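Right, one structure below, let's go through it.
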There are 2 protein chains.
Amino acid sequence: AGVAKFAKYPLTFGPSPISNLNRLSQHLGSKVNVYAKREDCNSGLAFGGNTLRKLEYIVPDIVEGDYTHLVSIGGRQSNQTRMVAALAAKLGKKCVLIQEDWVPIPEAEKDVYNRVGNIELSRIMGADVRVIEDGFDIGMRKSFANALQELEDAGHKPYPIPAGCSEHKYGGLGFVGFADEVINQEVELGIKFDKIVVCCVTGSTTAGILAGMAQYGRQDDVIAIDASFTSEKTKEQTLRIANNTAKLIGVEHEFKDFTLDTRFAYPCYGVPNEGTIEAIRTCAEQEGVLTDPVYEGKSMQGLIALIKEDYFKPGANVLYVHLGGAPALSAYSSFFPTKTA
Amino acid sequence: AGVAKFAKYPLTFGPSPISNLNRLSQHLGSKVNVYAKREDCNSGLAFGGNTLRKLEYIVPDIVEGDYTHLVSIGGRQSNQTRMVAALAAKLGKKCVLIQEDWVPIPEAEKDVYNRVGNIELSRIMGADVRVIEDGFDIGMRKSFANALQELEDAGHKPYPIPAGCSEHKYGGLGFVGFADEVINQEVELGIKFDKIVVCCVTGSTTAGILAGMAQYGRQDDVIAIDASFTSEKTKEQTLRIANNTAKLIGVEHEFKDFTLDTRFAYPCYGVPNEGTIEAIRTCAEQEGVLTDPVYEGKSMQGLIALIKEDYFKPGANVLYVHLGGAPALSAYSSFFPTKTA
Ligand SMILES: Cc1ncc(COP(=O)(O)O)c(CNC2(C(=O)O)CC2)c1O
Ligand SMILES: Cc1ncc(COP(=O)(O)O)c(CNC2(C(=O)O)CC2)c1O
């Protein structure tokens, strides 16, 4: 036990708040009491989001070192790239982003998809944004390394930050701290969360939550709603991270498997489905809380699905984990026509 | 000055946090110490913003009586209409929003300005978005009353929420509370702010801050940066709201004038000048903080210009007020091309 033995650099206002989505509760049958951990209300750094939690434990190394460039990677509307740019700015360092094509840009958006959303924000923050177009892979890419070798030859000291930080040694520490927070908040709010619903694609977030909740023997409370539509590698990598992070923080527990629903990943990574959009509309319509079509949207549809199929015990307190990602909504304006009548 | 005398309804996480933009301060020649009270990180209701703070003192009057629909008005990319849509989605009411044509939509943003950004979000929250052609104006609009009659003719009980909640009778109370928070936060920071810089269009925000700071005789610390490009009315309406709010709370002092730097509104409301774009970029590149081309980008360029001309005492602590607006940044992507390295 102990994430405390690792250096942390503050990038958020502190413990992310928890929302009481009581109105969305009744709309779903008053079967459960839905709540939301707002990681999308993280800090003042370009809208916040889950990646900021992860970066807090990575920054120390960046600063202690003497790097001069923060190089990350993702797909078009990648949320991480936007927050890494925000970090480089705050650290007074250069930034090189790689926006590959991981989502089949729905024709009805082939225009704004590359000019708006999160990619616009990275440019405004002055990062060297490079629009590449390679396949989707929640793993190491054969371009991210090139950029690295590139800046090195130029005479710079580049700092690597893989997709989702999932393959960074400390990629899972941030959400371990997330668990510590929830436990403390349950006591302040006086509300015990029976389950934790969170989206998953590259790992680190879920894994950190697993290894962290395990500190209290509550790994099982976790319910990871897939969104990568590749349960294969996705569930394996998350597990590889869950075990490693566990070792770092001292938890002996061994993760062999975890609840990873996969009925809402379709039709593909980045592309929603009638259900996804319906979840966003419902959540937005009921709680005034916005969710995107890529991550938080699907994980929200799954949440509403489970509440339907009386999956949770009657009167259970479920903690929905809003990891952010709403700034990409603009690259999906076509999926949301105006209310009928 | 008893503002607590008025009923308040929770819409934010509590007192907005204050960021220490020490990097930007250094970047600008270490002339002053810049801070930023984050109204843009005040709630989980669709990104949040200044309107929400205003609304907290208006919601009580709503739910109290029997109103079916909430109706507001603003430009195509209004932030208030987007937040009202959330407040509506939350208070479990109907929402009809009038989006007037307050901005000469740049040719490069014509096929986006009305489908992306804030207008989009307001639609996801199931608001009845009505796009009207009427032009810019911070005063009571015809289309407004027309809809108030329309609905009231169809057999409903709409609640009138004018632009910026400025014309509303309780529109100023919100930021009178801001002032309160400021004085308290000065106590917890162990410092005192010499000046407060904030954008100003419809007037309710500044008027609130003015009437509020007056409770402590510090109204002169306020520096409003205009973004309307219509000095007279904005100054006159702000001055009007400030005096009414002054009575409500209990402040005797009457405002006959206030500091309104009109140097940066150019070329007009809703359109940025090269200085605005430069400011947005400088803040983003220095702090990772996002400002918009319509409101905060201009108040920020005003802040920067004032610091250059040594307007503040050396080592002065200046509190910049971030009122949000960044969500609309998606309708102005043409203005921020990828920087070069
Ligand atoms: C809102 C939101 N929800 C979930 C996730 C996924 O996190 P995990 O990879 O830790 O499962 C992201 C990530 N973002 C990436 C990006 O490019 O933005 C893939 C890294 C997210 O932004
Ligand atoms: C980011 C931002 N900054 C300043 C203002 C103006 O404040 P005042 O008019 O209350 O001084 C708005 C308002 N909004 C309106 C809208 O239609 O959104 C005009 C009401 C704002 O959104």
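Just so you know, these numbers use all the heavy atoms, side chains as well, and skip hydrogens, waters and symmetry mates. The chains referred to below are lettered A, B, ... by the order of the sequence lines, with proteins before strands, and numbering in each begins at 1.
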*Which distance, rounded to the nearest 0.5 Å, do you find between the OG of B:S330 and the CG of A:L121?*
6.5 Å
*Please state whether the side chain, the backbone, both or neither of A:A88 comes within less than 4.5 Å of a heavy atom of chain B.*
neither
*If only atom types and distance count, is the side chain of B:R23 paired as donor or acceptor with the main-chain N or O of A:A89 below 3.5 Å?*
yes
*asked:* Let's test your reading of the structure: which of A:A284, A:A85, A:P337 forms the most heavy-atom pairs below 4.5 Å with chain B?
replied: A:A284
*Option in A:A36, A:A86, A:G92 with maximal non-hydrogen atom pairs under 4.5 Å from chain B*: A:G92
*For the atom pair CZ (A:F13) and OG (B:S16), what is the distance rounded to the nearest 0.5 Å?*
9.0 Å
*Against chain B, label A:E120 side chain, backbone, both or neither, depending on which of its atoms sit under 4.5 Å from a heavy atom there.*
side chain
*Pick one of side chain, backbone, both or neither for B:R38, based on which atoms fall under 4.5 Å of a heavy atom in chain A.*
side chain
*Return the option, out of A:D40, A:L329, A:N22, A:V116, with the maximum number of heavy-atom pairs under 4.5 Å with chain B.*
A:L329
*Between B:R123, B:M83, B:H322, B:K339, which shows the greatest number of heavy-atom pairs under 4.5 Å with chain A?*
B:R123
*Let me know if A:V289 has heavy atoms under 4.5 Å from chain B in its side chain, its backbone, both or neither.*
both
*Around A:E188, counting heavy atoms of other residues, nucleotides and ligands shown, do more than 12 lie under 6.0 Å from its CD?*
yes
_At a 4.5 Å cut-off on heavy atoms, which part of B:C95 comes close to chain A: side chain, backbone, both, or neither?_
backbone
*So what's closer than 4.5 Å to chain B heavy atoms on A:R115: side chain, backbone, both or neither?*
both
_Please classify the contact of A:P327 with chain B as side chain, backbone, both or neither, using a heavy-atom distance under 4.5 Å._
both
_Need one label for B:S19: side chain, backbone, both or neither, based on atoms under 4.5 Å from any heavy atom in chain A._
side chain
*Where on A:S334 is there a heavy atom nearer than 4.5 Å to chain B: the side chain, the backbone, both, or neither?*
neither
*In Å, rounded to the nearest 0.5 Å, how long is the span from CD of B:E285 to CD1 of A:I124?*
10.5 Å
_Are there over 12 heavy-atom neighbours, none belonging to B:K94, within less than 6.0 Å of that residue's NZ?_
no
*Hey, does A:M125 have a side-chain heavy atom less than 4.5 Å from the side chain of B:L290?*
yes
*asked:* Using heavy-atom distances under 4.5 Å, tell me whether A:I277 contacts chain B through its side chain, its backbone, both, or neither.
replied: neither
*asked:* Take a 6.0 Å sphere around CD of A:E109 and say whether it holds more than 12 heavy atoms from other residues, nucleotides or ligands.
replied: yes
_Ignoring hydrogens, what is the shortest heavy-atom contact between B:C41 and A:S43? Give both atom names and the distance._
SG-O, 3.9 Å
